[PDB]
Structure formats: structure tokens, C-alpha cells
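**Q** One structure, as C-alpha cells, below. Some questions next.
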Amino acid sequence: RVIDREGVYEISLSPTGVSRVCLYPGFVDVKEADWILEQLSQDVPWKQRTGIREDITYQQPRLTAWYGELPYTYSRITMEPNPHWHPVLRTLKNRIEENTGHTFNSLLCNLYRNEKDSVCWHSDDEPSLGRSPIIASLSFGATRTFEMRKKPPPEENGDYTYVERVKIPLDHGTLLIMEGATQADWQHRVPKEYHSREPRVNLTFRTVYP
Amino acid sequence: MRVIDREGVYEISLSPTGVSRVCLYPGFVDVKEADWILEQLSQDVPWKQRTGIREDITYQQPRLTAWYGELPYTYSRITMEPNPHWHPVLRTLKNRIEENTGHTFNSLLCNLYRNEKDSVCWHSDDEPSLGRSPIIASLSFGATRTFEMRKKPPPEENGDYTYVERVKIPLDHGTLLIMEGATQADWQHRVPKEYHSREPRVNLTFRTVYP
Amino acid sequence: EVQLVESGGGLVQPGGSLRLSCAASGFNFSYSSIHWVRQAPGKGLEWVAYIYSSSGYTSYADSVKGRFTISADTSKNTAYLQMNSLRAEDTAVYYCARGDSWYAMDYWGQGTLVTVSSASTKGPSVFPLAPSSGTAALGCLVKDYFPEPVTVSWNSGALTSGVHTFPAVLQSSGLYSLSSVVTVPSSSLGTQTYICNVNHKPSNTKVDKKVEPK
Amino acid sequence: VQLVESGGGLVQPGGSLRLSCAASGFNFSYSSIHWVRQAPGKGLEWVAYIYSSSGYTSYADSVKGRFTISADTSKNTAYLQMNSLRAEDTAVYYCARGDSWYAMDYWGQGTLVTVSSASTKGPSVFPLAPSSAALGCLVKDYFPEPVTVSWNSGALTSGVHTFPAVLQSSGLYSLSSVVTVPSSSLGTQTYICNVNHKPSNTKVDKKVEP
Amino acid sequence: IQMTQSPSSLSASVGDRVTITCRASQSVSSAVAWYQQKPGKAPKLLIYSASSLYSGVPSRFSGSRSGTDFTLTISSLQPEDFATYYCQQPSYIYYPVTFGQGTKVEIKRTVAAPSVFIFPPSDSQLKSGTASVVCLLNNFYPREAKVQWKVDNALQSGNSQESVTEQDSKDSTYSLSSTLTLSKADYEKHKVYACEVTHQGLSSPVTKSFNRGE
Amino acid sequence: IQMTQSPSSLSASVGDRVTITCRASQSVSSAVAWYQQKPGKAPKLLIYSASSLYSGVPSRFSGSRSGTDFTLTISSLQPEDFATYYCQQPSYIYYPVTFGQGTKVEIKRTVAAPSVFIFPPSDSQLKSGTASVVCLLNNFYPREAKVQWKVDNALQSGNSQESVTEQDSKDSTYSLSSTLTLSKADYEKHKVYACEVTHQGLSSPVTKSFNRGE
Amino acid sequence: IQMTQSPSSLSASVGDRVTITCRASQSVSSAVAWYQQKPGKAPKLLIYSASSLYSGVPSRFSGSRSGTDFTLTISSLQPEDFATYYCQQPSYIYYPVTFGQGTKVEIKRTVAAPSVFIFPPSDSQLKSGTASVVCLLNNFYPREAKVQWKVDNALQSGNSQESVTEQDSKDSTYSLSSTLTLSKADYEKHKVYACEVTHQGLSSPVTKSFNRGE
Amino acid sequence: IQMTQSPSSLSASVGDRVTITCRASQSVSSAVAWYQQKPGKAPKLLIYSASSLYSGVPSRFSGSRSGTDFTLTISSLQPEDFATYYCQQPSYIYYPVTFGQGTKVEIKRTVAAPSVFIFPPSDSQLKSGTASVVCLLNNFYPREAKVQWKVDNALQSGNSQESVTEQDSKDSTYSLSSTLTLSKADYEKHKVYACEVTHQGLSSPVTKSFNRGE
Ligand SMILES: O=C(O)CNC(=O)C(=O)O
Ligand SMILES: O=C(O)CNC(=O)C(=O)O
Ligand SMILES: [Mn+2]
Ligand SMILES: [Mn+2]
């Protein structure tokens, strides 16, 4: 299924429960989004970070930065929590919270430098996020595709093939909210592209618990 | 002879009484809202054609009028019945004017010029119940008409109606005019008839009436 | 052909939020007043907000003020309504209506459903209301479904004469329940088969139930 | 061993009031004090309670933020500060007993609170004359509640129907009191209804005659 | 705008068994209370803790709990038991309290047709600028009754307000009074005024007419 | 908790003159709008500025103003005129807009007694732990009717929810469905279930009974 | 009460390298702008985004950042570069904008002693009730100079205001005029008036005196 | 942003006659007070009611009123009279009180040239990441002095802050200390540091230099 319209979409109802995604194109106005993109590209402390999987040290194919008072460890890599939120980020956080009704205390910033940068299939189900987290995703810059796939039930046992797929185009200034069973029951990714893409900045808001 | 059509504050004279100050704010009410206000006030205001007196004679004023406020206003030897219940729109406009200009009002006189043949001729607003040097605010809706002003002659010239300084101020749809200082003591004003078709005009004149 | 289209409605938890949009087709906004009116099931109309598109002036209802935010974009010819801190009483059919003047609304939209509730979407269960000794009396009880609406037909739409599909009722559990009956001759009870067709689009559930005597 | 309420009356919208609840014959001390209102001809609506030992307070959703409940065991009186009163707050306010946290065993007689823009006004009485039986009086355009109607200073009571008050669009209340009788009496005995409006100190008697 | 609901009616005779019911879902407490309220008097506590009777309550009153449903039962209905009963929902400690919809229990009687009387407006009221025409429905049963206003055979709606008396203590009948209010000019713009009453005790609707100034 | 009221009803025949009034005290404006809404469809504008007909409105509709009272009059009732009419109160510029109580106009019909049918709960539902007993009243007029549930001759209240269909377009009759829902445990504790129906078209109440497991 | 500060001064010669720093602690942005303002003219944009030259700016201007410190550097000082420079602090989006203390750059010159002139008040001014005695410091450098008024060898303070001429484009010198204003009564009660000047170019203070009525 | 002003200076010798004025046009009252405040000490009341000496004030102090101008005169200046004097504007009852600009009176002295000393930053401070170079101007007169920082003969501005001591009790001279703060990197990016001092007691500006790492 392809979704590109403003609306609330219940993408699945089982096994865990209702999976709900909400899309809001134009949440940030074009001119403000342009300016925000420029600023965050200039001011955010973007880094290309290390990981290691088969005892070989490697660079993630995307730039990252973290904000918040608590650490966040995924893929065996650790990000140093930043106490001082950029004022623009704080403002955007507050706007998202007031409009969505959900609160957040952690922000991960992703910068996809060009078409060769990406994030592969995963769920945001790290245990310090708690059971069934609410995650908000705000995008700026070039359009990229946010792909989602449903997890297979325990019969197939990790056979991500004959299963449901959802594609969501994320355009300049669009806000996406995921809540409910979405992290328990679905995985998502942003694939590489084979044509020129300008840089894209994504803001992913979460709640991190002790 | 001076013509004023720009947004601004104009000091039109400095003597004999003091500074005469008029302030013009075009587009104070936006076109569509002014259109709706015009329609509303034309329908809802209790417009009447009232009598004047002059000097032992009787005539119909060439304009419709209505009054709002808790105190009476008597001009041309005729008294208008004060209305305690202000139309909600008129209230709102009153409050808007007060908050934006910084001056307060308790009285509103409504003038309706039905067409080009309607008018108000020369006078000053120097009725004693207005107090010393009153502040008067004028808000216009509908067709454009010209607000003409002439400076009073000094008592040595025996009320010469000519050669004194004249000022014309076009009042367009949604334009706010404020008069303060010596303007009522030193100047007269009027709205002349026109010689081409004019649509109806509604004018709102706010002022403070004292016991 | 000058219609209005509403979007952004659906199901939300109490305290959640929504953003309704109203697209102007066939004509234009500006120099006009854009109103939002809701209507609870079986209730009267309730104006909630309007906006003067020329100047941007907005006015809200007392039962809404502080929570909702009405706006318009002349660039896109689309009106918006940001509904925050939604409550249970906010559940209603929301209409978008134009209005050359400042009050007379001449173009109305078809309306979108907005349901604010803690219950989650669930498919219906159908039980048969079997006839006994009575000349022409049977039906189906579509119970425990959420949210509205649901559509009921008989024999894929062939049987329509004498069909009464009652309005839905809201039970204390938070789930809806209705009944759809039909009166048929008793002589056809042993010969004619009767099957009600229930279609619940919100849960994507299609259930047919055959009604037989016992 | 009763409860007495005081402080009710007439207020403008947006104003304030403070109801008082005097306990007699037993003391609240360790106890829960509830406030319940009831609109004319409607059900009960709990608005607030307080636990007297600790001071914990709980308010109804249609009241929270505007009202403030308190009590002073030194004076053995409970209070309810109603701020920013609106039209829908018009109801008869009761004061509640319970020893438990919910079981209210002692109730007061209740005071009436009216929030309206109308001012106190005496009633106008018009005769409902019989014809070729029944007669009555029309008690119209009075404010506020309540008003009492009797017939012949209380001598005539058999077949008397004093209808409940209705609220007109003008903000004024209106009721009618009728009475049945037989044909011969008309013209041989007089009928006078007695209207007593204590809030306006207005007592009017009107003879009903064909 | 209203906050609560009007109490529902329940017709019962002396000696009948009555079983009211409350309903609270996702309930997990037995702290449900029952109250009785007579007209003009404050409510009195009946049952607490789902089934515990209060001091001074007859043994014919009984409370039961069955899952999320709560019940108040009167084994033998007495004349002093006819009143409105309110159910207090499961009241958890530290949480707000909610009262359910009242259930008014009225006493059954034989069907009684209303005696209809019509009163033209008095001259003292015409001297002020308003005219009030009242239509009386005296001593009838049951409560449901329809009054239709018509001026010069033009059906009226919205310009009339009706009031209903409490159930009588002696004969258990009701009385209704509907008032039609017009301006003096509008009253003098028509001739024939009539209120048509429809009731169960009437085989056909009765009409009480009069011409203005007769 | 409710925001608006349910629309009042007006019984009228084809060809009658109907005059619906809309009271708005202390009004100093003529900016009153009238709207018509048919079941399931969005409202359409009828009258604006108190008396001005909207483009595409039949000439039989007319609005007038009488002081602070506003009226909408239909000179000749047509079959397509039977719907709900809403009055928009005087909407001043910069001020909120309020819709009045709707006026439902239904078509008069001869007296029709209801056909009462009762359906016991299906075995498939008893397999789940809940029992829903529905009582049907088919094709009757007028709309007003009372249905009483009795379990082992014990009067019930609060455990039933009823739904009424819209007035039929062909026969102008109504249909009512009352559902009595209780748990399996309480359902198997009683024997005889019956719904007693009272209506104007019935000289005596009709009772439809059934015993558990027959 | 004052909102901003007077710009600080910097003495530099033509051809020197000038580095004006702009301290902004705890800054986490590079959105810093620099402006140049000549007397009587609107400011002109120099650098944006901390280091980006604006279109129409000579290549001698350069902007740099050093941690939380921001820098504007002029490689070769030109005669047309002598003006006041304002630093716009890091401007975050949605947040207010702040301008720093202006840094006025004057041209360095050889030491020039002031030519002191005193002018007594004219009789035409004495005919009005006030007397103004002015002391003139003409063509001197640097800008810093102190003027002391003495009447009958009584040191005055607070009764004198002074104004300094912008740095001249021809000789690069300053001029100062101090005015002493008193009433007529106090003016005629004293004899000798003197103006004592202290400056860098004077080894000893210079006194310009006059006696009343000569 | 500043609320008040720095107190103006008055250079006076012992035994001089000092007259301070405190303009206050629109003065309808004589309730003017004068105060004296010494550095580090609380202020002391001198005059009240324009002219009345306070208990414990020498007779050399005197207050007078001349129309709307108020004055405080010291006939013969003593060493204990050098301090800052504040004038309280006419303080009406029920109205706020405002204090005028203070007048600091310093003792006059012969011209004293400053002894300039430059100190390189200590290695313990370079161990933290910041370098602070201080330039000392010790024992000079008058208070007038200019300090210019130069790194590689590049004029600096904004990165230095100076502090001035009070006038000494023995020699009546002032001392100034200017601190130039840079980061470790910026400190290590340049070689020659110098502070250029201009003063009355120096015929030509004096420069004190040092090279990093010697
Ligand atoms: O890049 C996107 O739009 C979505 N990003 C993520 O899901 C993530 O970084 O965890
Ligand atoms: O009509 C106008 O604009 C001016 N009106 C008046 O001066 C008035 O009626 O007092
Ligand atoms: Mn992710
Ligand atoms: Mn005038």
C-alpha cells in the first residue's frame, strides 16, 4: 500500500494490537522549513559514527547527533547525551507536543548526505524505550521514501518475503507520527536511491526511560 | 489649499488656539469586513430622517442619523434620543479604536449619506457637552466622499468665508480619521454633495459627551 | 459543479488530536467566511469556529476555545482545523461550509466522521434472529463493533422490500450494536434462504450469516 | 443532626460565589465532604469532594480549575468557592455527609444558585377567566426562582394545580396555577390567587372573574 | 446545553417486583451506592458496598452485583417507594464520583382522558403588548400527550412552551399546560386559535377552538 | 453529557400551512439564516437575511421578522418538504454563531398498531457468555410507544437500549427494536422473558413471551 | 532610563589591520551577521552566516568564528571604512534578534590643542528671563576633553550640557560646545564667569573668562 | 540595557566653593532632598525641604531654591567632603520618588603619568584552555586614559575589559587594569602582544610589548 495523503491510517490490528500512523504534510511551512534545514545543517554537531559487527570497525552510512539527558545505545554503538538542546529543536519539540498531545524527552538527528546514505530495516524496539513507544518523525530537504514491512508470525520464523509492505513518501516539512503496536509488529527503513538526491535531515523524537 | 491622501499624522495649524492635529489611517478596516459592516449597519441601525431648525424654520436634514450612548446630543436645536444598547459591532469597533488610538469614547453618532445628493454642510463640533478641545474619531464605509475643512477667520475679519486655508481629505472604504487638539475650535468641516453617481456611505463619529 | 471535500477525520484517543482539512474545488476562497459545524448522531447542529479569510480573523465556540485552531491558506485554497485535547463529547460528524456573507453558508461538504474514544477498532459479530410462528419475521443482530459505520444488505442487495436496518446504538462497553430485520412470508421459510451481508470497512471485516429456523 | 447550606442566590455570568455548609449535631473532622448539584428536573451531578483529614481534593470535569472546595474544622463549616460562573452552573446545590469515601448518609436541604444576566423582577399576574369548569392565574415575567401561589389564602386547595416554572427566552420565568370547580359556583363565590415572590418582596392578589 | 439527563420513567403497581440496573464497564470495584429522592426533598442513601443496607431501610430493598452490572431490587413495591432512584458508579478512592441516570418509578393506574380547556389572553396583558394563549390538559394518564397549535389553520412550532405537573398523590394523574406567546400585532393578525390534543385515552384528537375577541 | 438537543417533532399532512418560529430575545439584527437538512445529507441554505430567498429555493418558502421573533413559513406543504429545519440565530459580525433547536417535520398517517415480535438469544451468543433479547415493533404510527421488559414477572430498567427507524418514505410508519442484554450467568437464572408493548393503536397492551430453552 | 549603549571608540590609522570581536557565550549557532553604519545613513550588510561576504563588499572584509567568539577583520583599513560596526548575535529561528554594542572606528591624528572661545548671552535673551553662556572648543584631538564652569570661583555641575561634532572629513578633528543656562535672577547676582578647559594637547588648563556688562 | 547612569565627575580642590544644581522643571514643591554617599558606605541625608540642614551636618553645606532649580552648595571644601551627591526630585505625597544622577567629586591633583606594566598569562592558566593578558596603568592623574590592544600590529576591540579603582586616600591617583582574554588556540596563533597607553602625562603614547614564549 502507498500512502501520501494527510490522515490517520490503521495499518494493522494484530498480533500485538492496533498499529497507527499519522501523516501531516506541511506541518512546517515551506519557507520556515527551508530556513530550519539550512540552520540545522550549519549548527547541529553532525558526526559519522563508528560501529563494529564482525570484529571490523565501520562507519555508519549516515550522519547522526543526539539530544537529551539520558544515553541511547543501539547496534552496539553509544551516543553521548547532550543536555543543551538547540533552541530550534526545543521549539519544534514543543510544537509537536502541543499539536499531537504526546511528550518527548529525546531527539535523534539523522542527516542523509546524498542518495548513497540510508538506514536499513529495523524497529525502534530498544528496551529503554519501554513497551509500545510513541515516536515522531519530522523531515526536511529532499524527498526520500519511508518503507515499512510487517513482521512474519512465528510460523514462518523470519521470512520477510510474502508479507505486507507500505511505502510513505516524506516530502519537505512533513510530520509523521507512529504509535501503538507499530514498533512491535512492523519494521521500517529508508533505502538508498540511484538518482541524485539533495541532503535530507530527519528529526526523530522519542521518550527514553531509565 | 492642502490635499491629504497619505497615511500619516498631519499638524494642520499651530495657532491661534494651539496645535490642530488630524491622524489618518487608511485600511483600518479590511475591504471585505468593511463591506459586511456596511451591509449590516445599513440593515440593522435604526436610521431616521430627522428635523433641523436653524432660525424659526423647519427642514429635513439631507442625511439619515441615529445615536448611541447614555447621554443626549443636541445639535441644530434638535435632541437625539440616547440609545443605551450599543450594536455589538459598534461596540467592537469602539473598543478597537480605543485600544489602538489610546482615547476613550462614550458616544456614537451615525450618519448615512444615501447617495450623491446627501450632505452635511459647514459646522464645527464645538457643542459644550463635548468639553474643551474634544477628541473625535471618524470611520467611513461605502462610497468615497470628500471631507472638506476650512480654517476659521480671526474676529478682526468679521467672519470672512473666503481666502482662509482649505483642506480636503478623501475618506475611502474602511478609512479611519482621528481629530484632536484645537481642530474643533479653529476649523469647520463639511461633506459636500457630488455631481456624479455615488453609492451610499455610512460614517461613524465617536466622541465623549459630558454631563 | 462547485463542491467541498473534507479530510483528516478518523479515530482518536481522548486527549489526542486531529487536523481536518477542507479543500475548495470549482471555485475559490478569500473574501469569504469559512465555518466548521459538527453534528452528533441524532442531535442538532453545533457551530464550532469560523474564519474571515481576507483578514484572518477567527472566532470559536465556548465549548471549543483554547483547544481548536482554525486557519486558511489562500495559496492552497484549503482550510484547516487543528483539534487538540479532544474529549468524548467532541465525537460528531464535522461539516465544512463556505459562506459568501459572514454567516449565510451556501456551500456545504458531505462531512467526515470524528470519533474520540479509548476503545480500539474491532470487527462485528453477527447473530441470527431466527423466526418461529410469526408471519414474516427474521433478522440479524450485528453486535460489538467499533467504530461507525457499518452497512447491512440482504442476499447481495436482491432483498430490499420490508427491510428495516435500525440505527446503531452505543452500549455501555464502548462498542456499537444494531439490528437489521426483514418481514417475509412464512410459506417461503422452508423454501427461501435468507442471508444478511455485513460490511465493516473500518475493520475490513466481511461477514455473511444464514438465518434458519430451528 | 442536620446540614444547613447558605450563600446561594443570583449572580452575573463570570462572577463568583462561596457556598457555606454548616454541620450541626456531629462534626466532620475525619470524613469526606461532597458537593452535588441538580439542575431543575435533571439528575444528580457530583462536582467536588474533599478528604478532611489530609486535604486531598477531586473535582468534576465540568468544574475543574474554576471551583475551589475547602473546610475549616475550627468553625465546623465546609465551603465551595465558585469562580468564573457560567449559565450552565445554575442548579440546586446540595452538601454531602459520608463517613465513607463515597457513601453519603447525611444531606443538606440545598441552596439554589442562579447564574443569569437578568435582574430581579416582580411577577405580572393575568386572570385565566372561565367560560361556559376551570379557571386559573398566569404568573408571567418574574425573576428569579422561586415563587409560591395559593388560592383564597389557602382555603381553596382541592383541585389546585400549580405548574412548574418555565424559563422563557427573555431570561424571565413563567408559570400558571389553575384549579377546577363546578358551574354553579361561578358567580356565587369569589376566587383569588395569592402570589408571593420573596426575592423581590412582591405580594400580589388577583381576582379571577369571567 | 445540558449536563445531565432527565430520569427515565418506570410504570409499576403495588406489590410488583422491580429490578433497576446500573452499568459500568472496565469496573473493578464493589463500592456502588444507591439513592432515593422524592420531589422537593434531598436524596437519601439506600445501599452501600453493592449489597450492604443502610440503617433504617426496609428488608424489601436489596442490592446485587454481577460482574460489571449492579442492581437495585424492590421485592414488593409499596406506595412510599415511588420516587427517583440514582445509581452511584463504582467510586474509587482518590478519583471523581459519578451519578448515573435517575430512574423515576411512577404508579400505574387506569387510562384517563384529559379534560381540555383553552384560555384566551386577558385584556390586561393585551394592554402591555404581549398575548399568551394557554391550553390546559387536566387530570389524565399516562404522561405522554401531544398538543398542536394552529392559527388560521397554520401549524405552529417553537413559539409554545409546555409544563407538566408531578404525578398526583390521590388519583395518580398528570396535568399539562402549554403557553403560546405572540406579540400584540401578531395576535391581532389572526382570527381562529385552537390547540389540538392527542392522547391514548382519546380515540380521536380533540380540538378546543375560539375566535379572537369572543 | 450533551451539547445540543434532539429536534422537536411536528405532525403535518400534505398541503397544510406550517409556520416555524425562532425566538431570539434582545435581538437588534435581521441577519437570520434558515437551513434544511434531509436524513443522511448535509444541510442546504434556504433563507438568508431573515427574508431573502436563496438561489434555487422554491417560492413556497418564505421568511419574515416580527420584532425579536423570526419565522419560517411554508405556504403549501409538498412531499419533498418533509425534513428537519434549523434556525441560525442573529449572527453579528466578529461574534460567534449559534444554531437553534431543529424542527423535525413528519407526515401524518392513519393509526397503525405495531406487530410485536420477540427473538430469543442465539445459541452462538450463549456460547460466548452474553445473551441479547430483542423485541420488535414493526410498522406503526405514531412514533410514541413504550416497551416494558419482564423477567420472571420482575420489571426491568436500565438494562435495555432501543433504536427507532426513520419514518418510511412509502407507508410513513416507524419500527422499533429494544435489546435486553445480560450475562450468561444471570440469563440462565430465569425462565420466562416477555416484552409488553403499549401503544395508541392497541386497546390493551400486547405481550410477546418465551421460556428459556424452547 | 535608556535601552541601548553608546558605541565604544577605537582609534586606528589608515592601512592598519582592525579586528573587532563579538563575544556571545553559550552560543550554539553560526547565524551571526555584521553591519556597517555611517553617520546619517542606514546600515549596510557586511557578513552573514559568520563568514560569508555579501554582494558588493570588498575582499578586505572577512568574518571568522573561534569557538563561542565571533570576529570581523579588515585586512587593510581604507578611508571609506571608518564607521560604526554592529554585530548581530546568533539569531536562532523563531527566537528574537539582538544587536551588540557598536564599535566606532575613528581615524588617528596628531595631537591638536583646542581653540577656546566663550560667548556671553545676548541682551535679547536677557529680555526673556534666561541667560545662556556657551564655551567653544574648536578643532582638537583626541575626542576626550573636560570643561569646567566657574562663576565667582564657584564650581558648577549639572547646569551645563555639551555636544561634540562628528569627526571632520577634512582635518579629522573634533569640536565641542558647552552651554551653561541660568535664570535671570541668579545671572545678575554674580560677577565673573569663566570656562576652564582641560585637554591632552594643553600642558596647563586654559581659562576663557568675561565680566558681566562689558 | 541600563536603568540609571554612572555618576558624573567634578574635579575640585580643598577649600573650593562647589555648587551642584538639580534641574527639575515642572516643580510645584520644595520637598527636595540631597544625599551624600561615600564609596562602600550607605548614603547619608544632607538637606531636606530644599534648604533645611539635617542634624550633624556642618554649616558649610547649604541648600537653596531658585524657581524650579534646586542647589546644594559647599562653601569651603574639606577632605571629608569628597563623595557622590544624589539629588531627590520633588517628592509629592502618594507619588513615586526619583533620584537624580549622582555627582562624584574628586580631589584635584598635579598631572601624574601612569606606570605601564604588561604581564603574560601564566602557564597554569594555559593549562585550562584560556589565556588572559593584563595591562596595568598604575598611579596616574587624571582618570582619563586610553588603552589600545595590538596583536601582530592588528588593532583589537571587544575582547578586552578594564576596571578602574577609586581615587587613593594618600596620593589621590587612579589605577586601571585591562584584561585581554583569548582561547588557547587564538593565543598560540600570534606572536607579539602589546597594549598602547595614551595619557596626559605622556607626550607620546607608550607601548608595552612581549612575545609569546620567552
Ligand atoms: O529517516 C527517516 O525518515 C526515519 N528514520 C528512522 O526511523 C530512524 O532513524 O530510526
Ligand atoms: O460624515 C462625516 O464623515 C463627518 N461627520 C461629522 O462631522 C458629524 O456628523 O458630526
Ligand atoms: Mn527507526
Ligand atoms: Mn462634524
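Going through the C-alpha cells in order, the chains are called A, B, and so on, while each chain numbers its residues from 1 and the ligands are numbered from 1 in the order shown.
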I'd like to know which residues of range 98-206 of chain H are alpha helix (DSSP H) (by DSSP, run on the backbone); could you write them as a VMD selection string?

**A** chain H and resid 123 to 126 184 to 188

**Q** Print the selection's residues with C-alpha atoms to a file, as a PDB file, in the first residue's frame.

**A**
ATOM      1  CA  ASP H 123      51.241  28.502  32.307  1.00  0.00           C
ATOM      2  CA  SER H 124      48.709  27.254  34.883  1.00  0.00           C
ATOM      3  CA  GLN H 125      46.024  29.255  33.029  1.00  0.00           C
ATOM      4  CA  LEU H 126      47.182  27.945  29.620  1.00  0.00           C
ATOM      5  CA  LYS H 184      44.392  28.799  23.907  1.00  0.00           C
ATOM      6  CA  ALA H 185      44.394  28.313  20.120  1.00  0.00           C
ATOM      7  CA  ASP H 186      43.998  32.018  19.299  1.00  0.00           C
ATOM      8  CA  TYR H 187      46.670  32.817  21.907  1.00  0.00           C
ATOM      9  CA  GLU H 188      49.035  30.319  20.251  1.00  0.00           C
TER      10      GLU H 188
END

**Q** Neighbouring residues of ligand 1 are defined here as those with any atom at most 7 Å from a ligand atom, counting only C-alpha atoms and all ligand atoms; list them as a ChimeraX atom specification.

**A** /A:110,119,124,137,139,146,188-190,202,204

**Q** Mind writing the picked residues with C-alpha atoms as a short mmCIF file (atom, residue, chain, number, x, y, z; two decimals), in the first residue's frame?

**A**
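Written out: out_21.cif:
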data_model
loop_
_atom_site.label_atom_id
_atom_site.label_comp_id
_atom_site.auth_asym_id
_atom_site.auth_seq_id
_atom_site.Cartn_x
_atom_site.Cartn_y
_atom_site.Cartn_z
CA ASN A 110 19.72 11.89 11.04
CA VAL A 119 19.13 3.30 7.22
CA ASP A 124 12.72 1.08 17.25
CA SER A 137 9.44 11.78 12.71
CA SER A 139 11.64 15.55 7.72
CA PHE A 146 9.96 5.65 4.20
CA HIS A 188 10.93 0.27 8.65
CA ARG A 189 13.82 1.63 6.61
CA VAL A 190 14.93 4.33 4.19
CA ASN A 202 15.23 13.86 9.68
CA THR A 204 13.04 11.50 15.30
#

**Q** Could you please extract the residues within 9 Å of ligand 4, counting only C-alpha atoms and all ligand atoms, and hand them back as a PyMOL selection string?

**A** chain B and resi 120+122-126+136+184+188-190+205

**Q** Would you name the residues within 10 Å of ligand 2, counting only C-alpha atoms and all ligand atoms, and put them as number ranges by chain?

**A** B: 63, 65, 75, 108-113, 119-126, 136-141, 145-148, 169-171, 176-177, 188-192, 201-207

**Q** Would you list the contacts of residue 59 in chain E as a list in words, taking every protein, DNA or RNA residue within 12 Å and counting only C-alpha atoms, but skipping same-chain residues closer than 6 positions in sequence?

**A**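 Selected residues are residues 46, 47, 51, 52, 53, 73, 74, 75, 76 and 77 of chain E.
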
**Q** Any chance you can output those residues with N, CA, C and O atoms as a PDB file, in the first residue's frame?

**A**
ATOM      1  N   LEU E  46     -29.506   4.563  50.299  1.00  0.00           N
ATOM      2  CA  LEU E  46     -30.173   3.264  50.430  1.00  0.00           C
ATOM      3  C   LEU E  46     -29.185   2.139  50.677  1.00  0.00           C
ATOM      4  O   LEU E  46     -29.163   1.565  51.762  1.00  0.00           O
ATOM      5  N   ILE E  47     -28.372   1.837  49.672  1.00  0.00           N
ATOM      6  CA  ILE E  47     -27.440   0.707  49.725  1.00  0.00           C
ATOM      7  C   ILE E  47     -26.030   1.235  49.511  1.00  0.00           C
ATOM      8  O   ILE E  47     -25.833   2.173  48.734  1.00  0.00           O
ATOM      9  N   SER E  51     -24.169  -4.263  48.181  1.00  0.00           N
ATOM     10  CA  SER E  51     -25.234  -5.035  48.820  1.00  0.00           C
ATOM     11  C   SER E  51     -25.567  -4.685  50.276  1.00  0.00           C
ATOM     12  O   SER E  51     -26.575  -5.176  50.784  1.00  0.00           O
ATOM     13  N   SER E  52     -24.768  -3.847  50.941  1.00  0.00           N
ATOM     14  CA  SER E  52     -24.979  -3.550  52.357  1.00  0.00           C
ATOM     15  C   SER E  52     -26.074  -2.503  52.513  1.00  0.00           C
ATOM     16  O   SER E  52     -25.970  -1.411  51.963  1.00  0.00           O
ATOM     17  N   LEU E  53     -27.120  -2.846  53.259  1.00  0.00           N
ATOM     18  CA  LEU E  53     -28.213  -1.914  53.537  1.00  0.00           C
ATOM     19  C   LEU E  53     -27.798  -0.894  54.589  1.00  0.00           C
ATOM     20  O   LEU E  53     -26.997  -1.187  55.474  1.00  0.00           O
ATOM     21  N   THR E  73     -33.056  -3.942  43.706  1.00  0.00           N
ATOM     22  CA  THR E  73     -34.286  -4.709  43.599  1.00  0.00           C
ATOM     23  C   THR E  73     -35.220  -4.358  44.754  1.00  0.00           C
ATOM     24  O   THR E  73     -34.798  -4.298  45.917  1.00  0.00           O
ATOM     25  N   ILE E  74     -36.483  -4.111  44.415  1.00  0.00           N
ATOM     26  CA  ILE E  74     -37.553  -3.956  45.399  1.00  0.00           C
ATOM     27  C   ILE E  74     -38.477  -5.159  45.234  1.00  0.00           C
ATOM     28  O   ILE E  74     -39.143  -5.299  44.207  1.00  0.00           O
ATOM     29  N   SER E  75     -38.503  -6.025  46.242  1.00  0.00           N
ATOM     30  CA  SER E  75     -39.274  -7.261  46.170  1.00  0.00           C
ATOM     31  C   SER E  75     -40.772  -6.990  46.058  1.00  0.00           C
ATOM     32  O   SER E  75     -41.434  -7.508  45.162  1.00  0.00           O
ATOM     33  N   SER E  76     -41.287  -6.166  46.964  1.00  0.00           N
ATOM     34  CA  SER E  76     -42.699  -5.773  46.959  1.00  0.00           C
ATOM     35  C   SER E  76     -42.807  -4.258  46.984  1.00  0.00           C
ATOM     36  O   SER E  76     -42.442  -3.622  47.969  1.00  0.00           O
ATOM     37  N   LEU E  77     -43.323  -3.683  45.906  1.00  0.00           N
ATOM     38  CA  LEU E  77     -43.393  -2.237  45.787  1.00  0.00           C
ATOM     39  C   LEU E  77     -44.508  -1.693  46.672  1.00  0.00           C
ATOM     40  O   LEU E  77     -45.639  -2.174  46.609  1.00  0.00           O
TER      41      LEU E  77
END

**Q** Only residues of chain C matter here; which ones have an atom within 9 Å of chain E, counting only C-alpha atoms? Give them as a ChimeraX atom specification.

**A** /C:172-174

**Q** Residues of chain C within 9 Å of chain A, using only C-alpha atoms, as a list in words?

**A**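 For chain C, the answer reads residues 7, 8, 9, 10, 11, 12, 15, 16, 17, 18, 19, 20, 21, 82, 83, 84, 85, 120, 121, 122, 202 and 203 of chain C.
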